[PDB]
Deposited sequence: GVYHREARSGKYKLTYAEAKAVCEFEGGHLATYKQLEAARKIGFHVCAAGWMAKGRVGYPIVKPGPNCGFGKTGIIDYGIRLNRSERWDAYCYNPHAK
């Protein structure tokens, strides 16, 4: 399913490429927005912005501002965030 990952060094320390590499390393890929949304509909809540497919950043809220808070597809892929991975 979908899950949240931080860099070893702590919160908001992964670039887009690093986030993608971390999800791959663990056997998956970055979650898509639709995957993250489906996970949220069945209770997945994390208050931490992360990279996802296509270079979007956001995070899922189940109980408050409900929904995925969208930080958009980021122009600067060297911004440091967490990661949302998909590994079914």
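Residues of the deposited sequence lacking C-alpha coordinates, numbered from 1, fall in the stretches 65-71, 96-98.
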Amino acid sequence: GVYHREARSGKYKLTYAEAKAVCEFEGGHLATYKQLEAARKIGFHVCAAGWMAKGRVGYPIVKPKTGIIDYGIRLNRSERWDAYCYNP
From here on, numbers count along this sequence of modelled residues.
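Among the modelled residues of its chain, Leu36 has a C-alpha B-factor that falls in the lowest third according to the deposited record. Among all modelled residues in its chain, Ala53 ranks in the highest third by Cα B-factor. Annotation for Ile69: CA B-factor lies in the middle third of the chain's modelled residues. For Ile61, the recorded CA B-factor ranks within the middle third of the chain. Only modelled residues enter the ranking. Compared with the other modelled residues of the chain, the Cα B-factor recorded for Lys20 ranks in the lowest third.
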